[PDB]
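Text of the file entry-v4.cif, holding mmCIF, C-alpha atoms:
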```cif
data_input
#
loop_
_atom_site.label_atom_id
_atom_site.label_comp_id
_atom_site.auth_asym_id
_atom_site.auth_seq_id
_atom_site.Cartn_x
_atom_site.Cartn_y
_atom_site.Cartn_z
CA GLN E 1 30.19 -36.41 36.38
CA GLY E 2 28.63 -34.24 33.64
CA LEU E 3 31.92 -33.22 31.80
CA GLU E 4 30.67 -35.18 28.77
CA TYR E 5 26.89 -34.67 28.33
CA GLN E 6 24.16 -34.78 25.65
CA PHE E 7 21.24 -33.22 27.60
CA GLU E 8 20.75 -30.18 29.69
CA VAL E 9 17.68 -29.16 31.60
CA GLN E 10 17.25 -25.79 33.06
CA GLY E 11 14.76 -24.09 35.34
CA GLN E 12 14.28 -20.48 36.34
CA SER E 13 11.94 -18.42 38.49
CA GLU E 14 11.66 -14.67 38.63
CA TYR E 15 9.87 -11.95 40.46
CA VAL E 16 9.24 -8.63 38.75
CA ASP E 17 8.48 -5.58 40.94
CA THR E 18 7.16 -2.26 39.41
CA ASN E 19 4.91 -10.29 38.66
CA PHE E 20 5.84 -14.03 38.66
CA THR E 21 7.74 -15.78 35.84
CA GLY E 22 8.89 -19.38 35.34
CA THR E 23 10.90 -21.04 32.52
CA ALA E 24 11.80 -24.68 32.01
CA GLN E 25 13.79 -25.76 28.93
CA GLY E 26 15.30 -28.89 27.61
CA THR E 27 18.18 -29.29 25.23
CA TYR E 28 19.37 -32.27 23.18
CA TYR E 29 22.85 -32.04 21.63
CA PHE E 30 23.34 -34.21 18.59
CA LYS E 31 26.83 -35.06 19.71
CA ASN E 32 28.51 -35.52 23.08
CA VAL E 33 29.53 -32.14 24.48
CA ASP E 34 33.03 -32.02 26.04
CA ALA E 35 33.14 -29.29 28.74
CA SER E 36 36.79 -29.68 29.86
CA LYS E 37 38.24 -27.21 27.29
CA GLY E 38 37.05 -23.93 28.93
CA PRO E 39 34.34 -22.35 31.05
CA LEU E 40 31.63 -25.04 31.68
CA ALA E 41 28.77 -22.62 31.04
CA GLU E 42 29.88 -22.20 27.39
CA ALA E 43 30.84 -25.79 26.56
CA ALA E 44 28.09 -26.18 23.87
CA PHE E 45 29.30 -23.09 22.03
CA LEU E 46 32.94 -24.09 22.39
CA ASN E 47 32.38 -27.40 20.81
CA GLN E 48 29.95 -26.00 18.17
CA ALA E 49 27.34 -28.43 19.37
CA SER E 50 24.30 -28.59 17.10
CA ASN E 51 21.05 -29.21 18.92
CA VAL E 52 17.37 -28.76 19.36
CA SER E 53 15.70 -27.26 22.30
CA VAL E 54 12.23 -26.93 23.71
CA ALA E 55 10.97 -24.46 26.28
CA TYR E 56 7.95 -23.40 28.27
CA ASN E 57 7.40 -19.99 29.88
CA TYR E 58 4.79 -18.80 32.33
CA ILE E 59 3.83 -15.28 33.41
CA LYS E 60 1.32 -14.65 36.21
CA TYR E 61 -0.39 -11.29 37.05
CA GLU E 62 -2.07 -15.29 32.79
CA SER E 63 0.27 -16.06 29.88
CA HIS E 64 1.95 -19.29 28.67
CA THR E 65 4.58 -19.63 25.91
CA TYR E 66 5.87 -22.82 24.24
CA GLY E 67 8.88 -22.70 22.03
CA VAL E 68 11.23 -24.81 20.05
CA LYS E 69 14.66 -23.90 18.75
CA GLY E 70 17.43 -25.59 16.69
CA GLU E 71 21.03 -24.58 15.98
CA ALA E 72 23.24 -26.03 13.28
CA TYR E 73 27.07 -25.62 13.10
CA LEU E 74 28.34 -26.79 9.78
CA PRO E 75 32.09 -26.98 9.09
CA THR E 76 33.06 -26.16 5.52
CA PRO E 77 36.27 -25.98 3.48
CA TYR E 78 36.22 -22.19 4.26
CA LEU E 79 34.77 -21.02 7.55
CA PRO E 80 32.46 -22.90 9.92
CA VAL E 81 28.92 -21.84 9.10
CA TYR E 82 25.95 -21.60 11.48
CA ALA E 83 22.17 -21.45 11.19
CA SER E 84 19.35 -21.16 13.70
CA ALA E 85 15.60 -21.46 13.72
CA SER E 86 13.02 -20.93 16.46
CA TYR E 87 9.32 -20.74 17.01
CA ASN E 88 7.22 -19.62 20.01
CA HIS E 89 3.58 -19.80 20.54
CA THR E 90 1.85 -17.84 23.31
CA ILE E 91 -1.63 -18.14 24.84
CA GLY E 92 0.88 -14.82 19.50
CA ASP E 93 3.16 -16.79 17.07
CA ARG E 94 6.73 -15.60 16.53
CA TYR E 95 9.61 -17.11 14.61
CA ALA E 96 13.24 -16.36 13.95
CA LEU E 97 15.92 -17.60 11.59
CA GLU E 98 19.62 -16.72 11.51
CA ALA E 99 22.55 -17.62 9.41
CA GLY E 100 26.12 -16.78 10.01
CA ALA E 101 29.73 -17.73 10.32
CA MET E 102 32.61 -18.26 12.74
CA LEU E 103 34.92 -15.60 11.41
CA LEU E 104 37.64 -16.71 13.83
CA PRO E 105 37.59 -19.68 16.10
CA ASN E 106 35.00 -19.12 18.92
CA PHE E 107 33.75 -15.96 17.27
CA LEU E 108 30.32 -16.15 15.82
CA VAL E 109 28.63 -13.53 13.71
CA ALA E 110 24.98 -14.12 12.66
CA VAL E 111 22.35 -12.10 10.84
CA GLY E 112 18.72 -13.04 10.52
CA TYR E 113 15.16 -11.95 10.87
CA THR E 114 12.07 -12.44 12.93
CA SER E 115 8.36 -11.93 12.48
CA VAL E 116 4.76 -12.67 13.62
CA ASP E 117 9.02 -7.86 11.27
CA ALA E 118 12.75 -7.26 11.97
CA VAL E 119 16.27 -7.97 10.78
CA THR E 120 18.66 -9.08 13.48
CA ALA E 121 22.35 -9.24 13.96
CA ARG E 122 24.42 -10.73 16.60
CA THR E 123 27.83 -11.76 17.73
CA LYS E 124 29.23 -14.12 20.26
CA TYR E 125 32.73 -14.69 21.64
CA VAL E 126 34.28 -16.94 24.21
CA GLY E 127 37.97 -17.03 24.91
CA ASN E 128 40.33 -18.40 27.52
CA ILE E 129 42.72 -15.86 28.94
CA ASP E 130 46.19 -17.24 28.08
CA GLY E 131 48.18 -18.58 31.02
CA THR E 132 45.18 -19.06 33.39
CA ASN E 133 41.93 -20.88 34.20
CA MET E 134 39.90 -17.70 33.60
CA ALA E 135 37.92 -16.79 30.56
CA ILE E 136 35.62 -14.20 29.14
CA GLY E 137 32.45 -14.18 27.08
CA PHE E 138 30.73 -11.43 25.15
CA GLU E 139 27.44 -11.30 23.32
CA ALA E 140 25.89 -8.37 21.45
CA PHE E 141 22.52 -8.08 19.73
CA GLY E 142 20.88 -5.65 17.41
CA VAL E 143 17.26 -5.67 16.29
CA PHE E 144 16.53 -3.36 13.36
CA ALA E 145 12.93 -2.38 12.59
CA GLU E 146 11.08 0.95 12.48
CA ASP E 147 13.43 1.94 15.29
CA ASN E 148 16.34 -0.10 16.71
CA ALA E 149 17.07 -1.93 19.89
CA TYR E 150 20.47 -3.09 21.06
CA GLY E 151 21.92 -5.16 23.80
CA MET E 152 25.12 -6.59 25.28
CA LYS E 153 26.19 -9.07 27.92
CA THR E 154 29.61 -9.80 29.36
CA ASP E 155 30.63 -12.80 31.43
CA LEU E 156 33.80 -13.09 33.49
CA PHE E 157 34.72 -16.73 34.06
CA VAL E 158 36.75 -16.13 37.12
CA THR E 159 37.21 -19.88 37.23
CA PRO E 160 35.82 -22.47 34.80
CA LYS E 161 32.87 -23.04 37.20
CA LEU E 162 32.21 -19.59 38.39
CA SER E 163 31.04 -16.64 36.40
CA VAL E 164 29.88 -13.21 37.13
CA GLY E 165 28.43 -10.94 34.51
CA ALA E 166 26.54 -7.92 33.43
CA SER E 167 24.24 -6.79 30.67
CA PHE E 168 22.63 -3.79 29.19
CA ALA E 169 19.99 -3.15 26.65
CA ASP E 170 18.22 -0.25 25.01
CA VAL E 171 14.62 -1.04 24.26
CA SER E 172 12.73 2.28 23.69
CA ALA E 173 11.69 0.68 20.34
CA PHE E 174 10.07 -2.50 21.75
CA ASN E 175 6.98 -0.37 22.49
CA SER E 176 6.55 -1.00 26.16
CA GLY E 177 7.16 2.34 27.91
CA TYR E 178 10.63 1.15 29.00
CA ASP E 179 13.86 2.73 27.72
CA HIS E 180 16.90 1.04 29.38
CA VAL E 181 17.64 -2.37 30.96
CA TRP E 182 20.69 -3.41 32.98
CA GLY E 183 21.53 -6.52 34.93
CA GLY E 184 24.00 -8.55 36.86
CA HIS E 185 24.18 -12.28 36.72
CA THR E 186 25.98 -14.99 38.54
CA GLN E 187 26.42 -18.64 37.91
CA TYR E 188 28.24 -21.47 39.67
CA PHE E 189 28.72 -25.11 38.75
CA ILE E 190 28.70 -27.05 42.03
CA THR E 191 29.67 -30.04 39.88
CA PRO E 192 29.95 -30.19 36.13
CA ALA E 193 26.40 -31.72 36.27
CA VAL E 194 24.76 -29.11 38.42
CA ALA E 195 24.79 -25.33 38.22
CA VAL E 196 22.79 -22.66 40.05
CA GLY E 197 22.49 -19.00 39.44
CA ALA E 198 21.06 -15.65 40.12
CA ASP E 199 19.94 -12.60 38.16
CA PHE E 200 19.14 -9.06 39.14
CA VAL E 201 17.66 -6.83 36.41
CA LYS E 202 16.52 -3.28 36.56
CA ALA E 203 14.57 -1.35 33.93
CA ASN E 204 13.47 2.23 33.62
CA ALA E 205 11.55 4.86 31.52
CA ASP E 206 10.57 1.69 37.99
CA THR E 207 11.09 -1.97 37.54
CA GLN E 208 13.27 -4.71 39.12
CA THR E 209 13.58 -8.43 38.55
CA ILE E 210 15.22 -10.85 40.97
CA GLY E 211 15.80 -14.35 39.64
CA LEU E 212 17.23 -17.72 40.49
CA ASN E 213 18.05 -20.48 38.13
CA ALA E 214 19.44 -24.00 38.01
CA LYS E 215 20.67 -26.49 35.50
CA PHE E 216 21.41 -30.19 35.21
CA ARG E 217 23.48 -31.91 32.70
CA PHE E 218 23.53 -35.52 31.66
#
```
Can you dump the structure from the file as structure tokens?
Amino acid sequence: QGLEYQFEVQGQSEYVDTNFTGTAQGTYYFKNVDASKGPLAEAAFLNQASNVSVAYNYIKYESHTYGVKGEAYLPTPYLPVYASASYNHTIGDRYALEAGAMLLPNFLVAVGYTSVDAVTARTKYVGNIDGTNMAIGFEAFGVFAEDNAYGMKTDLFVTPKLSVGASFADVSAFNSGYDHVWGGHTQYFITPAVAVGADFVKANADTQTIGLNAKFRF
């Protein structure tokens, strides 16, 4: 079925017009993830599922990136606490750590830093809208360095399987020529085990990115 799973694999291809990008990633959850309590896309977050993840990324037109990530949710007598660590190597070595807390149930705030330098902050929320099968998710991100970059994403879970969303980011300070990024995103779980999706992303200072993705749970 896929409503209880411990692994998720995900693939994604993208074309960037101003070229090719591919990403495969694997996730292992330390505990069974129960996806029947809200939108299926956010089941790991909703059950505070610790895990480790590996990924590979390809860019052609030429560049390969391998990465590993872990997240830890740790209940305490006060608030649930959260830490993350990741590392990426590109053929270029970057890492990130974060610590934070669930200030209210399903609301995560996390601060951290990353380097080869920047402090980061982020928040995540996922709530059911009371009296229906809909839900909403928000994520916001700040990266604070010489200058700052910011971003947000919103997802409308119009049913537990279907989501449509949008995102925005200001990146003048990432030192490509690009100033603003916006996107729309769609995802649908055909079964709790299988989801496919689409992404359309524009950037300016020019550029567009069309993308399809898929994911399998077991």
task = Decode the PyMOL selection byres ((chain E and resi 64) around 6) for the given file into explicit residues and return them as a ChimeraX atom specification.
result = /E:57-58,63,65,90-91
remark   = As a check of understanding: the span from CA of residue 140 in chain E to CA of residue 121 in chain E is 8.3 Å
task = Please evaluate the PyMOL selection byres ((chain E and resi 120) around 10) against the structure above and give the resulting residues as a list in words.
result = residues 96, 97, 98, 110, 111, 112, 113, 114, 117, 118, 119, 121, 122, 141, 142, 143, 144, 145, 148, 149 and 150 of chain E
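Atom pair CA of residue 43 in chain E / CA of residue 157 in chain E: separated by 12.4 Å.
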Per residue of range 33-65 of chain E within 10 Å of range 187-210 of chain E, record the nearest atom pair and its distance in Å to one decimal, counting all atoms listed in the file, with rows in chain order and ascending residue number, as CSV.
```
residue,atom,partner,partner_atom,distance
E:35,CA,E:192,CA,8.1
E:36,CA,E:192,CA,9.3
E:39,CA,E:189,CA,9.9
E:40,CA,E:192,CA,7.0
E:41,CA,E:189,CA,8.1
```
inquiry  = Quick check on the file I pasted: which residues fall under the PyMOL selection byres ((chain E and resi 60) around 8)? Write them as a PyMOL selection string.
reply    = chain E and resi 19-21+58-59+61-63
Would you save the residues of that selection, restricted to C-alpha atoms, as a PDB file, keeping the file's coordinate frame?
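Generated output (part-v6.pdb):
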```pdb
ATOM      1  CA  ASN E  19       4.910 -10.290  38.660  1.00  0.00           C
ATOM      2  CA  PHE E  20       5.840 -14.030  38.660  1.00  0.00           C
ATOM      3  CA  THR E  21       7.740 -15.780  35.840  1.00  0.00           C
ATOM      4  CA  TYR E  58       4.790 -18.800  32.330  1.00  0.00           C
ATOM      5  CA  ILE E  59       3.830 -15.280  33.410  1.00  0.00           C
ATOM      6  CA  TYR E  61      -0.390 -11.290  37.050  1.00  0.00           C
ATOM      7  CA  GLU E  62      -2.070 -15.290  32.790  1.00  0.00           C
ATOM      8  CA  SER E  63       0.270 -16.060  29.880  1.00  0.00           C
TER       9      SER E  63
END
```
task = Could you jot down the CA of residue 70 in chain E to CA of residue 92 in chain E separation for me, Å, one decimal place?
result = 19.9 Å
ask   = So, counting all atoms listed in the file, which residue among E:153, E:37, E:94, E:69 is closest to residue 138 in chain E?
value = E:153
request  = Go through E:49, E:212, E:102, E:116 and flag the residue nearest residue 186 in chain E, using only C-alpha atoms for the distances.
outcome  = E:212
For residue 51 in chain E, list every protein, DNA or RNA residue within 9 Å, evaluated using all atoms listed in the file, and leave out those in the same chain fewer than 4 positions away; present the list as a compact mmCIF listing (two decimals) with C-alpha atoms, in the coordinates of the input.
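Below is the file selection.txt, written as the result:
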```
# COMPACT_ATOMS: atom_id res chain seq x y z
CA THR E 27 18.18 -29.29 25.23
CA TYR E 28 19.37 -32.27 23.18
CA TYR E 29 22.85 -32.04 21.63
CA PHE E 30 23.34 -34.21 18.59
CA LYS E 31 26.83 -35.06 19.71
CA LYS E 69 14.66 -23.90 18.75
CA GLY E 70 17.43 -25.59 16.69
CA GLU E 71 21.03 -24.58 15.98
CA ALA E 72 23.24 -26.03 13.28
```
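Distances here use only C-alpha atoms; by that measure, the residue among E:89, E:185, E:217, E:180 closest to residue 163 in chain E is E:185.
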inquiry  = Neighbouring residues of residue 78 in chain E were defined as those with any atom within 12 Å, considering only C-alpha atoms; residues of the same chain fewer than 2 positions away were excluded. Please report them as JSON, numbers by chain.
reply    = {"E": [74, 75, 76, 80, 81, 101, 102, 103, 104]}
Preceding selection exported with C-alpha atoms as a short mmCIF file (atom, residue, chain, number, x, y, z; two decimals), keeping the file's coordinate frame:
```
data_model
loop_
_atom_site.label_atom_id
_atom_site.label_comp_id
_atom_site.auth_asym_id
_atom_site.auth_seq_id
_atom_site.Cartn_x
_atom_site.Cartn_y
_atom_site.Cartn_z
CA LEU E 74 28.34 -26.79 9.78
CA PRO E 75 32.09 -26.98 9.09
CA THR E 76 33.06 -26.16 5.52
CA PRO E 80 32.46 -22.90 9.92
CA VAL E 81 28.92 -21.84 9.10
CA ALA E 101 29.73 -17.73 10.32
CA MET E 102 32.61 -18.26 12.74
CA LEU E 103 34.92 -15.60 11.41
CA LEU E 104 37.64 -16.71 13.83
#
```
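The nearest approach to residue 147 in chain E among the residues E:167, E:162, E:124, E:175, with only C-alpha atoms taken into account, belongs to E:175.
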